[PDB]
Structure formats: structure tokens, C-alpha cells
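Commentary on secondary and tertiary structure
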Amino acid sequence: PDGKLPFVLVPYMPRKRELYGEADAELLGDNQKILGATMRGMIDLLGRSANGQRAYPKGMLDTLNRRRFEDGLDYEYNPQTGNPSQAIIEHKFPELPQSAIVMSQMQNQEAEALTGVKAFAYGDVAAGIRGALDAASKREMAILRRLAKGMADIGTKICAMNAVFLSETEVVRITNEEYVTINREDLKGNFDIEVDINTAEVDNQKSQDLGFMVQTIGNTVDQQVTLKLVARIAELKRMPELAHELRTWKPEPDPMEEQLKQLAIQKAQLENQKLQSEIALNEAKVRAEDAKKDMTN
Amino acid sequence: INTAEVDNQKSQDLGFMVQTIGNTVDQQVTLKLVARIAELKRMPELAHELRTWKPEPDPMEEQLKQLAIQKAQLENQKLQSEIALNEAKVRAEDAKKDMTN
Amino acid sequence: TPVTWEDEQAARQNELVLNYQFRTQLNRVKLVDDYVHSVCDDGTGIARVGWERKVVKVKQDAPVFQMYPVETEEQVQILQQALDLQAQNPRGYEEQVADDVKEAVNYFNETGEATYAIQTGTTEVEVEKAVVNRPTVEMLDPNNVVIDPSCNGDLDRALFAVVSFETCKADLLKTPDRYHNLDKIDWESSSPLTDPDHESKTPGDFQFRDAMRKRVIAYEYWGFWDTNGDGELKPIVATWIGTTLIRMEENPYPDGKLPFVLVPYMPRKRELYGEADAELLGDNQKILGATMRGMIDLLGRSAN
Amino acid sequence: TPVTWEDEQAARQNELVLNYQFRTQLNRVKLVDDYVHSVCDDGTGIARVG
Amino acid sequence: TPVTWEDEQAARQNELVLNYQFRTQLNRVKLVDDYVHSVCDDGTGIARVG
């Protein structure tokens, strides 16, 4: 109906007066190059070295006095050759130049300034928990949501299968309530059923929402709606008996308090009739006084 | 698109509207707003139980009011009859005064 | 949660049933521990959602009742009480109300005539009870699922998916009149499975000595194939062990889709499979290990 | 949201239908994961609505 | 906890019996001390219920 091309294009970083957009790695060019060329230099410095390569001076330790050395036993060395702590070198890792680290830091800071991205609660959850998510918490949620979508798909696949494989008796035994038939033709749409995983935070927030609803509509609507909401709250609290005791609850009428009201209505009617009789009597007295006045005249 | 923060703020705005217009407008508007709040809370059954809700009238409380109106009318007629009786007594006393004269 | 207002009872029932199947039948603490692990270690979490069924044709003795229309008011009272108990407490009705009044209630619900019953005798009926009727969610190995590579992403639009599993003759005989050609396959050879494509944890030299526990490697072709020849692709299933086909039907599941659910760990742009965590962590472990080994070399190749 | 006051029923219906098509039919967690990714990796996110 | 509303008495009875068998008969402080230990030391905690 819209009469337009069925494509929707959105840029990441817009190009001025241009349909296509410019991605992130455009400004990050040559920063990766410098940082990689410095990390490779540091790794080259570490790996192209000699680690644990003892270098004995030629003449210090004679025969069998080096075999004692290479076996752990105490040895005897010729003093005239040197000192067996500055000679007999134990080559170690070279010391990383401060230039490599400072250049890596400079490139990281420049890239982070170019692109303002510095390095460093599922469901209908409340505001505090949903706003407490800092960096990498939104990244863990990004995987938790895929995992949750998988479980939701499993749940709806099972729920669809339950409608055609479990007989009536099995369901009326599991739930102990009336069996509700679901039409088989519309089972490929999941029209009137939504499925999602449930966590403790979701349960707490749902209980709070039901409490809020009870508070809001508590005096306007009748007792049935509020009682059903409180029964749902009790079901969330894992009290299935209170739910039954609170749903099927008919407030018994009080014989006395009932009557009294009927007698009050009767009293009101009797009072109205009494006033009518009083008006009639007053009119009769007026007529009698008129007759007496005529007689006096 | 709709996010969790949008839902929370919309629920708060509906609550604020209910608070503001809660006693001026009739019950239907407030009930519909609370039903929308309940829909945002993913309770589609409460929405139906709260939208199509007609407050049942109370037979007794109804009558009593009719009897009170009848009582008011009867009282007005009683006062009229009392005025008529007073005028009749005034005429009778005038006749007696004439006879005494 | 219900979508519309009329969907509330159906949603409550479905939730109450599917939260019981996922608690009593499936081990949630193990299923979720092999779900997150198999997603964060491999990259994808292909899981099969099936249905386990064990129909047994048992023969039972069912009382047969002769019906007479209700005359006394006491019978009507009993019928009304049974009807109320059948709607308030179905389980209480099942294990409190006798068989004759049970049949009376069933007749009233069927036709609508209040009628009490008297037992004449007993008949002998079959009754195809399904002993096991539970769903099965099993974490599958990415070496066993061969998903159509043409699905430019979107598993929904994949035309086939071949899955391997270690079944036994007992599993196939659990649900009869579904598997044909079960006699061409060798069942008493005590030969360990030698499939070069299915990777499992069963030791290569393990095989049950008896007949109906022998482990065989059965494939399963879940896909779409036009059956009537009119060009409309209709879902089909197929199972073959070795070289003999043993099953070919339409997709029994109501959704009419492949019974696999795949979730990526870190998604690949416009790609069905996902990229795991150790892809970016490459060469970092190499450098860190090569430095720790250097430090240990420096300490150990010295004289202390 | 409705634009004018008479648009309320139509907006409610359209929202209720299009929030069901985007939940039952399309995989939202995969669509959004290939939307942001294909926008932040390539620069553009051309998507066909058929 | 009961599943449905009619399951309450059965759940109460079962809890009251199985919280007595696990207190009077089995040594809870030793069973749990050989459960967590045998799980964290070996890897698995195979236990027979007879």
C-alpha cells in the first residue's frame, strides 16, 4: 500500500547528505595498526630471547665440578676465573621498554576519544534492578536473552504438543480444574497464549504490581475482583489452599442485619402514612371550624 | 518501539491521571484508566473484569430514597394543612369576637 | 500470560501443565546447566523437542450399567451433588463418587436426561492407555545435526535437517504401528556401532549382549518435501537405520516446523550459526601461556 | 499511539496485531541481534519488508 | 507445597512424614556433610535411595 521500495536503510554514523553511512572502523584506522605493531614488537622482544639458558664461563668449572653443578650437589669453582654469581649467567626475559606501554596507552586513549566507547534483571522487573545494570551487565543480559528465547521456544513447542497428546483425564488430574478445550486448527498460531521464563525478580515485581492494583481498585470495584487479585497474590506466594479459600468465598448474609433494614423501610412508609393522616385530620378540623364560624355568623 | 522504561513511565503517567481526575469525572473514565494500567502489567483478565463492570443498584438503598422524597412531600402538605387550620381558627375567633361585640 | 481477555483460562491451564512437565519429568537443573554450557562452549545450542509415547493395549473389565429414569427426589439430589463435585473438585469426584453415579453423570453430560444406573454385569474392553506421555527436551551435539546450508540464516526457512541418535529396538517398539520394516535390520549380532559420523560418549567397545537393548545409530530426516506433486512443500519426517527405511510420515507436531531450537552465543551477522567466546580470545591464551612458561622456565632451570 | 481522538480503536487494533506478528512469527531476539550487528559492522542495515 | 488447591492436605501429610523420616531416622548433619563433600571432592554424588 505505501507505494515505495520495500527496503529500510539506517546508517551507523551518517555521512552528510549521503544515503549510505560510515561504519566505526573508519576512524579506528591505523590505531589497530600501531597497537598491533607494538604488541608484536613486545612479543618479539620476549620470544626471541634466551630464557633459562645458563652460560658457563670457559674455564671456571672443571670436569666433574660441572657435573656436580648440573646435579644439585655442592660444587667447587676456581676463584681466579671470576665469581659464580656474576659469571655463570642465568639469562632471563628482557625488560619491556616503557615506550611500548606508553604508545599502546596513547593509541587506546586516542581511539577511545575518536569513538566514545570506553571499556567497562530479565523480565517485567522493577525500575531499580533494571537501572542498576552497568557496563558488561548489559552484555551478559545480551546472552541471557538469547538463552531465554531458546527456553521460550522449547516451552511453546511443548505447550503446543500438550494440546493434542494429553487426554482430558491427565490434565484434570494435574490441575484439578475444568478442562479447557483448545481448537486444533488454530494451534499453529499461539494466538491466545504467551510463554516466557519466570525468575524470582519477575515473581516479586508481579506480586508488587498485583498489590498496587489492589490498592488502586479496592473501594471502587466490588469484593470479587479484589478477592481474586489477592488470591493471585497468594498463589504467587505458593499457598494454593488460600487461593481456593479466597476465590470461592460468598459473604454470608446476616439474618438480623437483614430484617432490621426491612423494618426500617416499613417504618419510613408508616411515617409517611402518619404524615398523610395528620394532614387529613388538619383539613377536617379546618372544615369543622368553618362550620362553627358559619353557625356563629 | 516499546521498552521497559517506556512501560514504567506510561504506567506512572496513567497513575498520575487517575490521581488527578479521580473525583471529578465519573467512574467509567477512572475504571478505564485503571484497566489500561492493568493491561500494562500483563493482566488481560483484570482489564475485562474492570472495563465491563456495571455497579449493581441496591434495591433497599434505592427505595429508602423514594420514601424520603415521599416524606418530604408529605411534610410540605402537612405544613400547608397546618396553615389552613390556623386560618380557619382565625376566622372562628373573628366570628366569636363579632358575637361578643 | 493471556494475549486477549478471553485467553485467560487457556493460558492458566497451559502454564499449569507446562510448569509441571518441566518440573516432574525433565531435570531443570541439568537441562539449564547443559543449555548455557553448550551455548557458551560451542557457539550454538541445537536442542530437539520431541514427544515420548508408550501405548500399551491392555484389557480391562468395565462394568455395564442399565439405566432407569429418575423417579425419587433422593436420586435427583445425589445426581446434583455428583454434578457439583464433578465441577468443583474433579479429583474429589474421581476418588469419592461411586461408579454407578459416575455413569449417571456421564450420561447426563452426554445426552441430558437425569438417569440413575443399576449394574447388570461386566464387559471386557481393550483400552489403549498411553503409559508415558511426556515431552523430551534433549541437548544435541553439533556433530549430529546437519542443517541445510542454504537457509541464508532463519532456521524457519531451512528445507531439511538430518539428526543422528543412539536408539534401540525397545525404543522403536515403545510406539508400534509407526515403524515399518523392523525385521530387515540385524538385531542379534552384538556388534558395537561403527558409524564414522556420529560422535557420542558411549565407549567404542560397549554393546548390550541381549536382543532388545542393542544400540544402533538411527538417522532422522526432518525436512520439507512436496508429496502430492503439485509444488506445495509439505513437512515430512524419515528415519533409516543403516540402509533400510523404517519411518516416513508427515510432521506430527502441530507447529509444522523442524523440532530443533538453535540459539547463538555471540550472533554472526545474517548467519544461522553463532560465534563462541574463544574466537576473540585467540592468541591471548598463547601469549599468556608462553610468558608463564618462560617464567617457570626461568625459575626451574636455575640452581637453588 | 493514536494521533487524534477517533484513531484510538484503530491504533489499539494495529498495535495488538503487529505486536503479535513480531512475536509469534519473527524471531525478535535474532532479528534485533542481526539488525544492530549488521548496522555497526557494515555501516548500513538494508532490510527487506515483504 | 501443594500444586492445586485440592492437594493441600496430601502435601501437608507428606511434608510432615518426610520431615520426620529425615530427622529421626537419617542423620542429617552427616548425610549433608557426606553429600557436599562427595560432590566437591569426586565430581559426582551417586546416592542410593532404598
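Residues numbered from 1 in each chain as written, not as in the entry; some residues may be left out. Chains lettered and ligands numbered in written order. Part of a larger assembly, values for the part shown. Heavy atoms only, no water. Residues with missing side-chain atoms left out of burial classes, pairs and counts.

- The record names cryo-EM as the way this model was obtained, at a resolution of 3.7 Å.

**Considerations on the environment of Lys57 of chain C**
All names here are of chain C.
- Along the chain, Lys57 falls in strand β1 (residues 47-57).
- Owing to a relative accessible area of 60%, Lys57 belongs among the exposed residues under this scheme.
- Measuring from C-alpha to C-alpha, the distance between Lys57 and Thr167 comes to 23 Å, with 110 residues separating the pair along the chain.
- Residues contacting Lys57, with those up to four places away along its chain left out, are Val127 and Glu128. (Helix = DSSP H or I, 4+ residues; strand = E, 2+ residues; numbered from the N terminus. Buried < 20%, exposed > 50% of the residue type's maximum accessible area, 1.4 Å probe, protein only. Contact = heavy atoms within 4.5 Å.)

**Some points on the nonpolar core**
- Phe22, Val137, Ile147, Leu258 and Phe260 of chain C are the most contacted members of the largest nonpolar core, which has 39 residues in total.
- Here this core takes seven residues from helix α4 (residues 137-165) of chain A, the largest share from any one element.
- Beyond its immediate stretch of four places on either side in the chain, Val137 of chain C contacts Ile154 and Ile158 of chain A together with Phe22, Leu26, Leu31, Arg48 and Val49 of chain C.
- Ranked by size, the runner-up nonpolar core spans 20 residues in total, among them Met213 and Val225 of chain A together with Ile37 and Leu46 of chain B. (Core = buried A, V, L, I, M, F, W, Y, C linked by side-chain atoms within 4.5 Å.)

**Here we look at a negative patch on the surface**
- Among the surface-exposed residues, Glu252, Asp254, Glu257 and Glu258 of chain A lie close enough to one another that they form a single negatively charged patch.
- By the element assignment, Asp254 of chain A lies in the loop between α8 (240-247) and α9 (255-296). (Patch = residues over 30% accessible without salt bridge, like charges linked within 9 Å, V, L, I, M, F, W, Y side chains within 5 Å. Areas by Shrake-Rupley, 256 points an atom, 1.4 Å probe, with all protein chains shown as cover. Salt bridge = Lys/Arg side-chain N within 4 Å of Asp/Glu carboxyl O. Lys, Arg positive; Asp, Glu negative; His and termini not counted. Charge placed at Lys NZ, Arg CZ, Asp CG, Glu CD.)

**Points about the pattern of salt bridges**
- Taken as a whole and judged by the stated rule, the model has 38 salt bridges over all chains.
- Of the charged contacts, one joins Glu70 of chain A and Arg66 of chain A as a salt bridge, the two residues approaching to 3.3 Å between their closest N and O atoms.
- Given a relative accessible area of 46%, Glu70 of chain A falls into the partly exposed group.
- According to the relative accessible area criterion, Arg66 of chain A is partly exposed, its value standing at 36%.
- In this structure, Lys228 of chain A and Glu49 of chain B form a salt bridge, with 2.2 Å as the shortest nitrogen-oxygen distance. In this pair, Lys228 of chain A is assigned in helix α7 (residues 223-236) and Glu49 of chain B in helix α3 (residues 44-51), connecting two distinct chains.
- On the accessibility criterion, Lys228 of chain A (29% relative accessible area) is partly exposed.
- One salt-bridge network, held together by shared partners, links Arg48, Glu138, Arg178, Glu220, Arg247 and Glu249 of chain C.

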